[PDB]
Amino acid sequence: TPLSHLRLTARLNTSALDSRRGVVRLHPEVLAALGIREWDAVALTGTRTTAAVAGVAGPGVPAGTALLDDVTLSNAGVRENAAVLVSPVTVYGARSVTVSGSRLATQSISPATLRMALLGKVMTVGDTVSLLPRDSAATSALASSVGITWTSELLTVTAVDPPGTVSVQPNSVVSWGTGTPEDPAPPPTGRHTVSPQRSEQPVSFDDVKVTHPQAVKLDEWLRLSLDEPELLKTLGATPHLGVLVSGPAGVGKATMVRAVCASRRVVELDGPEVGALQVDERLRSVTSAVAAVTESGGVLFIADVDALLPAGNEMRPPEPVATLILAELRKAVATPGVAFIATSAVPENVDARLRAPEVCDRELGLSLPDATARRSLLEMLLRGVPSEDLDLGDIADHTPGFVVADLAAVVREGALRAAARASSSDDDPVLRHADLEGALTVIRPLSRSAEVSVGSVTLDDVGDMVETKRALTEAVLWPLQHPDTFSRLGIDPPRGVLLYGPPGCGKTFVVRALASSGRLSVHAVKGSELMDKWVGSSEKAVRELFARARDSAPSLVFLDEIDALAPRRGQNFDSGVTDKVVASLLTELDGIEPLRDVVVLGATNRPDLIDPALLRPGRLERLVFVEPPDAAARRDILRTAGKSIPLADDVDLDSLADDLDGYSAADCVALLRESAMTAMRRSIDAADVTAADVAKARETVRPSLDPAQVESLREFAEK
């Protein structure tokens, strides 16, 4: 894919409340020309190369101007009012990030605190990052009540992994530079901690289960295994318990586990810290933790185990040490009075041998908070926090795709805006609605820090698809959001949905937008990846997926590229591997049919390549055809995507829509992208997209839809 880029003028961001937060201000036309949305990271290049998060510039900022704070100008090697190269950058989740600082901060600030303070932010080697933008007895009490422990010291990034540009994730490890010979070496990492029975917990079990109903099921599993083993023995069930908890990053998976195990003794390892250890020290750490949990019993908990036991991509299989690490865990699970719980944002990022009867026999998927749940979280985050008229309902309504981690960061930022307002007024800081709303202009949700992340796309980002949205809302959202009314009205349990249409028309895009609603756990796979890329049995991956969905209800099961997952008999010959998968799939689909809190949806560009047994009643029987965007639809798509692109008077998006027959939704989005770029390159100071700019763009952006293939898809439901 061609790497788009623009030279802009770099002006110093004069707003202190907008500076030193890892945010660069760009005109929307730049975002359009570069092919990115707000909150996407950009590469910034002067004499040096750095990266920052693209935030939309306020009014009064011409398209040819980028606003950079003092540290960004320094990191990019750009003088004020000088030229800067801006371009989209690939930002992977960091395995590790090594930072350097004073001997005092190196000894006083834990790696967990570092990760919390820098969560979601982009890092590049050589960069100067700030843990806190600003810095009295009432203000310090405020900072601590909101959870600000660290200070405002500027650090430097001495290393990242993988190389290039990375973002700090919950499964990342952020550790000090080890290390300057003069200064003392920093404390050891990757070793287990023990929390005794009935220990003081920051977040209670009651607090957790109001937005995470899955905590009730986890608690019930633990109690049966550890407290009432004769009940399970009477039924012939297994007394052992291994659980893999998954769900969006920072949604609160680890906090839920600690809350549920509050009355138990917990032996806890930090997956990333241990995973970063030298291979032999890594094994010893796991071994020490297993012997400790089996010495007295209780819960062995590994937060973010995907950093410790990565799934591997065949080019690199799992390391040999993983076999021995798994043997230790397996030994723990078989121990009476011992239970094993591990977390991971994406389950398939963990070694396949962990998702097995011998270690983790069952799984639990958490969900994004809906608007109601978000308001519950904000009120919880603001206990003992001096405030006025916060209007939390409005803040909750304006944070879709957010998680508690983000909301916490929103509140911390709000405390800074209050403390800044306080210092000028000399009054004691008191949070108002302005602070929280102002925080939203600088805080990037974790769901936007890396698509394919649940919450990155919302229905507003989807132009048009009125009829498709309508059908999906009624077929998927309505039954899940109203279980009892549907049952008492004698409405059938949610029918399986097959979503199909020509490429670049949003059949996948709209599902991802739909899946960001909240109060609904999403369990999604791409047909190709599960079959070809994943190390492990594909047939067991199917049963695993559905079992996690059943246990995490209300659940949506998204089988994208369903044609690859279940092709027609004869298309594949792999010693019966495909057969077992399809037969297992049919079996799972039939188990989902009577359920009311689980919906299954398959998507494909080629429905005729699916085994017809998938399309029988009780299975994927609701056929939703996604039409290519007509004249009406193209108007919406253009207007949605081109909303903030300044246009010249001789540009009419409506008449343009009528002329774009054969252009898919993606084609239209690309025509605006190309148009904006054509205008930016033509004249920076005369940025307004002209009719000629669009005319030139149409030379490179061609129609992609085949009228015969489109006809073939439309007739599919009747044939």
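For every residue, the number given is its place in the sequence shown, counted from 1.
Please classify the coordinate gap between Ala450 and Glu451 in terms of deposited residues: none, 1 to 3, 4 to 9, or 10 or more.
Missing in between: 1 to 3 residues.
Deposited but uncoordinated residues in the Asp135/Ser136 interval:
The entry leaves 4 to 9 residues without coordinates here.
Averaging CA B factors per stretch from the PDB record, which one is higher: 34-42 or 53-61?
Per the PDB entry, the higher value belongs to 53-61.
Take the C-alpha B-factors listed in the entry for 81-89 and for 541-549, compute each mean, and give the stretch with the larger one.
Comparing averages over the C-alpha atoms only gives 81-89.
Pick out which of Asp406, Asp270, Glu593, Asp532 has the highest C-alpha B-factor in the PDB entry.
Of the options given, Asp532 has the highest CA B-factor in the PDB entry.
Report the option among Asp227, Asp361, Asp426, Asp306 whose CA atom has the maximum B-factor in the deposited record.
In this record, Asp426 carries the highest C-alpha B-factor of the candidates.
Consider only the C-alpha atoms of the modelled residues in this chain, order them by B-factor as the entry records it, and name the third containing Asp391: lowest, middle or highest.
Its C-alpha B-factor, which the entry lists for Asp391, ranks in the middle third among residues of this chain.
Sorting the chain's modelled residues by C-alpha B-factor, tell me whether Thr156 ends up in the lowest, middle or highest third.
Within its chain, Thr156 is a highest-third residue by C-alpha B-factor, going by the deposited values.
Please rank the C-alpha B-factors of the chain's modelled residues and tell me whether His5 sits in the lowest, middle or highest third.
Lowest third, going by the recorded CA B-factors of the chain.
Within-chain third of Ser344 by Cα B-factor, per the entry
Lowest third.
Lowest, middle or highest third: which one holds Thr473 when the chain's residues are ordered by CA B-factor from the entry?
Lowest third - that is where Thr473 ends up once the chain's C-alpha B-factors are sorted.
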